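# only geometry, no sequence info:
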Ligand SMILES: Nc1nc2c(ncn2[C@@H]2O[C@H](COP(=O)(O)OP(=O)(O)OP(=O)(O)O)[C@@H](O)[C@H]2O)c(=O)[nH]1
Ligand SMILES: Nc1nc2c(ncn2[C@@H]2O[C@H](COP(=O)(O)OP(=O)(O)O)[C@@H](O)[C@H]2O)c(=O)[nH]1
Ligand SMILES: [Mg+2]
């Protein structure tokens, strides 16, 4: 039943607040927590993300940042009134140093976060697991976010751990140490999460600039894509059906190998059933900067939203697999699952969201590894990482784990 | 507002020296396969 | 085929329970008397599906050597085995099975009670008349059906009055079997009883009595 | 008499159970509050339909049934529905964390936490029986609960209920929908249950789906449509057990004459007629009997023309006379070529249950005055197993998803043990087709 949401750092809290704004409108929850919708479909699975005292629905959301300024901006927002004030865990000094987030300032704050996590988990008949939004290029979302994952994992080893991780890009952010932070975090995510949606800033920037023809993209423009994707991927969890209805059934059907749990999210439109089906598998619609045609799909989930024929969706889905059989792993029969929800997202009448476990995701990891290795070979800025406690061997272990991850994807890409 | 760094690792060489320009003025970790242990 | 019989006889000692039960079934279809002693040994098999096939095969061959082992198979834990043994005992028709089959009419399982009743009628022993008269009052219609039929098949007059009561049964097939059984018994005991029913009796019972006196004249 | 406990496991089992007991109630004249005005005895009734319903002192007729699920959602609908008062609240048993499509969670880690309560409730149910004949177990092959918890339950039942017959109505998976790992759960559950089951009736969801589209003109069949059709078939099978009649064939006689051979205990069911309510003349005994041999009416996608029969049973219901069945059977023998094995006894076993088929009001089926269900033990069923085994093989060869199971209290060697057992079962079917 219940999912506990946690958002950590600058990126994590900005995209997290956008997620709550988007799903709050879909569920008829106003900024005061009152329900003002006109459908029982909305409140069928409302308890998955919202707590009840009765005349009020409150997001089961925990907001964390070492920099206090972030909690201020979220509180000033439209829905910066729905979040329970006691669930905001703010420090005083943030600085894109993974070691400070994972071992220093972040470690000093983590137990207070766990106290709130513990308090939320006490009021849940059937806790499904955890959903974390964060970026991997920073110091808090990355270093503290993965510390929170590790600590939560060893306190709740029987609960599914899910993340929406924002992969950094030099085309969006000027911070030189982001490859280090991303690599250190990817090592944690490989061992401690069940499913990670890779939201690539490289792909988001390319989409806004090249596809959406926005010559001046802001983080708000990138986050519009993120929120539309996050709403779509959680549709299965928020409404009735059968397909990937909870975090465990989803992970059991999406993850063939424990370490291969990094998903490539897609969205259409950026508007017929054949169009939504075709545009969903188009490289230009991927939220990870990887060409799916340059790899194979191990498992895929597609969520269609709107008024359309479930008969024609079945026809089109059978057809897309038939035409592109070469791009799907032949040794995982019926590896594409479809879900069709009647409620479309705000502003669209028909939409579809793709969630693929594709070996093409190795292209994103290769990009981070190439940057990390270029930095690490010259031992650039290592001093201020080891100066915060961290060991040099963690860099080596993280690099080797990520290269092992790449080779596994390549192994199954070429397999019978 | 997006502040882009990139042109490729040439930005890295330019920043290793820019870091040394500021100087001129003046714990147990996760192991590989540790998560796999959860499948025994 | 003699080499085929010898092959199935050896298969009765195979490690597989499927191989053993198929061989017992095949030996019953073949019907060679060479298989009688090996099939009697298969009646003491650890698996019930094998014991039941062996019991059925023994009825098909019909050797009297199997009468005592099949009588022991009537007191078996599995109802499929007791059904298959009761059926085989009636088929062989040895009247050593009359007393064991009489006790089998009081069996917890309906298939056994039906099969024991028809087996008693096949044997046609007069000893089974009092126990089959009590089977006419059975909770199940199929058991009453086979008991009525068996009483007619045996033909002892003690069953006349209870068969006339069965003409007023709730089940239509039971009433017709009882009427056929009364006709099969025949004689002055049935004729005098039909004379009473033709004037006093009502419904199907009256109809049967009037039809009996129409076809039984001078 | 001979009582029968029905056990409904997982979502498919419970939802099918709802369709069955809704139909049983209609067929027998039992109201949703359990009252049967019809029943003469208030402490009992007519003690023939008492095989499936116990009777309270108040005159309440309660199903001898247990509903079990690892998640509460499905059974909570039974607890708050039209039949919230038909069943006892302790006959509805639910965990909080479902098996998440994982056999190992259903059989080991999660299933353990409920098994003892289920067996205690079965031991209580058994106490109210004069002579328990056995169990009727409804479950999906694909689900974690339907596969794992059913196998666990079947193993535990065998300790002190071994001498009792166990029959299972199993939902064979079809992707049109499927969890990717359903072939794993399917092979795993078939292997573990095989030695503790007397007969298993498979119902291929794709076959039922296609009958709904073609025969009932339902463009998008729901599980409700599917379950209503399945329950009509279940009813025809169990009718001999719930209705007094001279021509009705008892469980012992039917199970012995359809599955006399131990491992090969999977018969193909065919039901006729399936007619839409939207339409209608009267189908004769010969016409419905002819329809039994058309592949469109089969419950499992298969061709009995490609295999050999080991046994065949015909379960008629309604306005059916024995002489008309004999004439219809004689006719089909002169047209159709029903090939039996060279060692099996040839011939058809026929059971005629007098009460005709009842339709659920609103249901897409027309009311017919006569219907039949054919159960044939054919070697053609190996085709259905081959399909499941092949999908299992593709994934297992790469060890895809295996970690989910090995992390939930199960050993990897159990996959190969289960698969080798299925390969032996396939070989058994080839051996009888001699
Ligand atoms: N005929 C029929 N099939 C069903 C029904 N519900 C589910 N199925 C099928 O059963 C399979 C899914 O397994 P489920 O029975 O739902 O799972 P479960 O037994 O509850 O186990 P968990 O989901 O792991 O808790 C799929 O192949 C479905 O198509 C139903 O009511 N009727
Ligand atoms: N998509 C997205 N990326 C952002 C946003 N804000 C920052 N980022 C990314 O987040 C990273 C910066 O680290 P961050 O977690 O934000 O700062 P911290 O509070 O010191 O951890 C870089 O990868 C940025 O590109 C945002 O609102 N949206
Ligand atoms: Mg379920």
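Sure, I can see it. Residues are numbered from 1 along each chain as shown, chains lettered A, B, ... in the order given. Ligands and ions are numbered 1, 2, ... in the order given.
# what about residue A:102, neighbour count?
Residues near residue A:102, counting by other CB atoms under 10 Å in any protein chain shown, number 33. Backbone N, C-alpha and C define where each C-beta goes, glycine included.
# Now do the contacts for it.
By CB atoms under 8 Å, 6 or more residues apart in numbering or on different chains, the contact list for residue A:102 reads A:143-144, A:146-147, A:184, A:390.
# Distance of it relative to ligand 1?
In this view, residue A:102 and ligand 1 are 37 Å apart by CB to the nearest ligand atom, to the nearest Å.
# got a list of contacts for the host helix or strand of residue C:23?
Using DSSP states H and E, residue C:23 falls within helix C:17-30. With CB under 8 Å, 6+ apart as the test, helix C:17-30 has contacts from C:4-5, C:8-9, C:11-14, C:35, C:38-39, C:42, C:45, C:47, C:49-50, C:52-54, C:56-61, D:260-264, D:343-345, D:428, D:432.
# Return a ChimeraX selection command for the buried portion of those residues.
Selection of buried members from the contacts of helix C:17-30 for ChimeraX, criterion 16 or more other CB atoms under 10 Å in any protein chain shown:
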select /C:5,8,9,11,12,35,38,39,42,45,49,50,52,53,54,56,57,58,59,60,61 /D:260,261,262,263,264,343,344,428,432
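# what comes up buried for stretch D:295-310?
D:297-300, D:302, D:304, D:307-310.
# if I pick the residue of chain B found nearest chain A, what's in contact with it?
Residue nearest to chain A within chain B: residue B:35 (3.1 Å; CB to the nearest CB). Applying CB under 8 Å, 6+ apart, we find residue B:35 in contact with A:190-192, A:258-259.
# any chance you could map the helices in chain C?
C:2-11, C:17-30, C:36-42, C:48-61, C:67-73, C:79-92, C:98-104, C:110-123, C:129-135, C:141-154, C:160-166, C:172-185, C:187-197, C:204-215 (DSSP state H).
# quick one: the residue in the stretch 151-300 of chain D positioned nearest to ligand 2 and residue A:337, what's the gap?
At 31.3 Å from ligand 2, residue D:180 is the closest residue in the stretch 151-300 of chain D, using CB to the nearest ligand atom. Residue D:180 sits 8 Å away from residue A:337, going by CB to CB, to the nearest Å.
# Overlap of the contact sets of these two?
Here residue D:180 and residue A:337 have A:253, A:299 as joint contacts, going by CB under 8 Å, 6+ apart.
# Quick one: residues in contact with stretch D:74-93.
D:10-11, D:14-15, D:18, D:21-22, D:25, D:30, D:32-34, D:62-63, D:65-69, D:94, D:114, D:117-118, D:121, D:124-125.
# at 6 Å instead, please
By CB atoms under 6 Å, 6 or more residues apart in numbering or on different chains, the residues outside stretch D:74-93 that reach it are D:11, D:14, D:32-34, D:62-63, D:66-69, D:94, D:117-118.
# now stretch A:17-33
The contact list for stretch A:17-33 (CB under 6 Å, 6+ apart) reads A:35-37, A:42, A:46, A:56-59, A:74, A:77-79, A:81-82, A:223, A:227, A:230-231, A:346.
# Backbone dihedrals for residue 31, please?
In the absence of a named chain, this looks at chain A. With angles defined as degrees, to the nearest 10, residue A:31 sits at phi -60, psi -10.
# now stretch A:251-269, how far from the chain's geometric center?
Taking CA atoms, centre = their mean, to the nearest Å, the mean C-alpha location of stretch A:251-269 is offset from the chain mean by 11 Å.
# What of stretch D:316-336?
Mean C-alpha position of stretch D:316-336 versus that of the full chain (CA atoms, centre = their mean) differs by 25 Å.
# how close does the residue nearest in space to the middle of chain B get to residue A:379?
Closest to where the C-alpha atoms of chain B average out (CA atoms, centre = their mean) is residue B:12, at 10.3 Å. As for residue B:12, its distance to residue A:379 is 12 Å (criterion: CB to CB).
# Please list the residues of chain D that sit near ligand 1.
By CB under 6 Å from any ligand atom, the residues of chain D that approach ligand 1 are D:10-12, D:15-16, D:70-71, D:98-101, D:140, D:142-146, D:171, D:173, D:177-178, D:205, D:223, D:226-227, D:230.
# what comes up buried for stretch D:165-181?
Buried-residue list, stretch D:165-181, by 16+ other CB under 10 Å: D:165-175, D:177-181.
# for stretch C:106-120, same thing?
Going by neighbour count (16+ other CB under 10 Å), the buried part of stretch C:106-120 is C:107, C:109-120.
# for stretch D:12-29, same thing?
Neighbour-count burial for stretch D:12-29 [16+ other CB under 10 Å]: D:12-25, D:27-28.
# Restricted to helices, list those residues.
D:12-25, D:27-28.
# Return the distance of the residue lying closest to residue C:24 once chain neighbours are set aside relative to ligand 1.
Setting aside the residues directly before and after it, residue C:24 is nearest to residue C:53 in space (CB to CB, 6 or more residues apart in numbering or on different chains), at 3.7 Å. With distances taken as CB to the nearest ligand atom, residue C:53 is found 34 Å from ligand 1.
# What of residue A:365?
In terms of CB to the nearest ligand atom, residue A:365 sits 33 Å off from ligand 1.
# and that residue, how many neighbours does it have?
By other CB under 10 Å, neighbour count at residue A:365 equals 21.
# didn't it look like it was pressed against residue A:406?
Yes - using CB atoms under 6 Å, residue A:365 makes contact with residue A:406 at a distance of 5.2 Å.
# Please pick the buried ones from the contacts of stretch A:17-33.
Using 16+ other CB under 10 Å as the burial test, the contacts of stretch A:17-33 include A:42, A:46, A:57-59, A:74, A:77, A:79, A:82, A:223, A:227, A:230-231 as buried.
# Distance of the residue nearest to residue C:178 when sequence neighbours are not counted relative to residue C:184?
Leaving aside its sequence neighbours, residue C:178 sits nearest to residue C:166 (CB to CB, 6+ apart; 3.6 Å). Per CB to CB, residue C:166 is found 13 Å from residue C:184.
# what about these two, which has more around it?
residue C:166 (26 against 15).
# separation between that one and ligand 3?
With distances taken as CB to the ion, to the nearest Å, residue C:166 is found 53 Å from ligand 3.
# Contacts only, for that residue.
Applying CB under 6 Å, 6+ apart to residue C:166 gives the contacts C:136, C:148, C:178.
# Okay, it and residue A:149: tell me how far apart.
Taking CB to CB, one finds residue C:166 at 80 Å from residue A:149.
# same thing with residue D:116?
The gap separating residue D:116 from residue A:149 is 36 Å, by CB to CB.
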